[PDB]
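# Just the structure for this:
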Amino acid sequence: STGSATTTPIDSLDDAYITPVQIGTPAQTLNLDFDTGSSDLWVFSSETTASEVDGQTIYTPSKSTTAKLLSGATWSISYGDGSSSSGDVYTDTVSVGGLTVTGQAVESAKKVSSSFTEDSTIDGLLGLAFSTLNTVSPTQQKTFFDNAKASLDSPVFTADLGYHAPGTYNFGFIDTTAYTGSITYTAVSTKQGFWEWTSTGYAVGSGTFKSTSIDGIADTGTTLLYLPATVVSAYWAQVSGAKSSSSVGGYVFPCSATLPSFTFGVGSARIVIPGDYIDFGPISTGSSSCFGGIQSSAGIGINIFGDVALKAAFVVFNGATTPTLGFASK
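Residues are numbered from 1 along each chain as shown. Structure data below:
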């Protein structure tokens with residue numbers, strides 16, 4: 001089997017991407033944030049505290065003939081941005097782009113933090129990291145991909161995120177028309193439960209490539225590119241007037257600037273992030289200070305190849321017995 005679904009930016013900045021997901025019988029379609037940095041499929045639901053719902057579409061298990069309470073199971077998750085959610089668990093039929101999993105754990109939120117409530121466009125998350133990170137207790141649950149894997153034509157999924165445009169998540173096949181040149185594969189460590197890999201270096205604009213190992217995670221659920229302070233300083237030094245602002249929470253730059261590109265290495269291959277992808281616009285409405293899309297990972301504890309990086313590539317998440325990651329230009 002295979003599946004193919006379009007993923008759409010939630011706003012004009014590509015802050016996140018939503019993908020329609022069919023849950024239950026008859027189908028309830030919710031727009032979920034596919035997150036290769038976590039491993040829970042959770043949804044706004046008929047159980048979510050009413051004051052914490054503001055415009056989201058909810059899953060109502062009582063209206064699904066295939067829903068079953070997973071008795072005694074609870075979940076609770078905290079994300080890198082400080083947001084969180086928790087609740088109980090149903091199993092139900094879940095389909096993505098024509099690919100169906102029966103008996104998928106659907107984590108029903110009883111509580112969500114303010115960031116989720118305030119984002120009316122995201123009805124929940126669909127985790128695509130390794131199932132070892134799944135938070136369901138006392139019986140850990142598998143991700144949608146892990147459940148689907150044995151049925152897939154090939155044990156892979158691909159992320160093809162757009163810049164200010166829709167893109168695609170495919171399951172079970174590699175669309176050879178969706179990228180240019182060849183795909184370069186690189187080793188993955190699953191030791192922390194992430195799609196963790198080591199970039200071979202970077203360049204700023206038209207500058208020379210610096211060969212240096214940068215361990216980080218491929219994370220579709222993180223907006224920006226978070227890299228070591230040395231690398232980030234080297235980038236922003238090439239933008240007149242750019243500075244790190246503790247009051248704003250990162251690097252800002254004059255909105256009048258033209259940003260240089262940023263290149264990262266994948267083995268001997270190179271992925272170029274155009275300068276425009278690094279512009280996250282005014283820090284507040286009408287400001288002439290703009291927020292940067294490359295930020296320091298210092299104090300996160302891990303480097304994160306988030307959407308800024310991933311959307312510059314066609315990315316293969318190879319879930320074979322020995323997982324790997326592939327990157328191609330597009």
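
# end-to-end on stretch 17-36?
Using C-alpha to C-alpha, to the nearest Å, one end of stretch 17-36 lies 12 Å from the other.

# mind giving me the domain ranges of this structure?
5-174, 175-330 (curated CATH domains).

# Show me the residue sitting in the middle of this structure in space.
Computing the C-alpha centroid of the chain and ranking residues by C-alpha atoms, centre = their mean puts residue 220 first, at 1.8 Å.

# hang on, that residue packs against residue 307?
Yes - contact criterion C-beta atoms under 8 Å: residue 220 and residue 307 qualify, at 6.5 Å. Every residue, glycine included, has its C-beta placed from N, CA and C.

# anything in contact with each of those two?
Overlap of the contact sets of residue 220 and residue 307 (by C-beta atoms under 8 Å, 6 or more residues apart in numbering) consists of 17, 161.

# next SSE after the helix or strand where residue 272 lies?
Residue 272 is located in strand 269-273, with elements delineated by DSSP states H and E. The helix or strand immediately downstream of strand 269-273 is strand 279-282, counting by DSSP H and E.

# strand partners of that following strand, parallel vs antiparallel please.
Sheet partners assigned to strand 279-282 using DSSP bridges are listed as strand 289-292 (antiparallel).

# Now the strand it pairs with: buried residues?
Within strand 289-292, the residues that count as buried by 16 or more other C-beta atoms under 10 Å are 289, 290, 291, 292.

# Please save the CA atoms from that strand in CSV.
Presented in CSV, the C-alpha positions along strand 289-292 are these (Å, rounded to 0.1, in the frame of the first residue of the first chain):
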residue,chain,number,x,y,z
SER,A,289,12.9,44.6,12.8
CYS,A,290,12.5,41.2,11.3
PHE,A,291,12.9,37.8,12.9
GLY,A,292,15.6,35.4,11.7
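
# Wait, a helix at residue 230?
Yes - counting by DSSP: H, G, I helix; E, B strand; the rest coil, residue 230 is part of a helix.

# is it true that residue 183 touches residue 316?
Yes - using C-beta under 8 Å, residue 183 makes contact with residue 316 at a distance of 6.0 Å.

# Neighbour count: these two, which is higher?
Taking other C-beta atoms under 10 Å, residue 183 and residue 316 do not tie; residue 316 has more neighbours (23 against 20).

# List the contacts of the closest residue to the more buried one other than its chain neighbours.
Nearest in space to residue 316, with sequence neighbours left out and distances taken as C-beta to C-beta, 6 or more residues apart in numbering, is residue 326 at 3.4 Å. By C-beta under 8 Å, 6+ apart, the contact set of residue 326 is 183, 184, 185, 186, 315, 316, 318.

# Identify the bridge partners of residue 326.
Beta-bridge partners for residue 326, by DSSP bridges, are residue 185, residue 316.

# That one and residue 52, how far apart?
According to C-beta to C-beta, to the nearest Å, residue 326 and residue 52 sit 39 Å apart.

# Ok, residue 77 next?
The value you get for residue 77 to residue 52, if C-beta to C-beta is used, is 15 Å.

# State the distance from residue 168 to residue 316.
Residue 168 is 13 Å from residue 316, where distance means C-beta to C-beta.

# what's stretch 301-312 in contact with?
Contacts for stretch 301-312 (C-beta under 8 Å, 6+ apart): 14, 16-17, 37, 80, 159, 161-163, 167, 192, 194, 199, 214-228, 264, 271-274, 277-278, 293-294, 297, 329.
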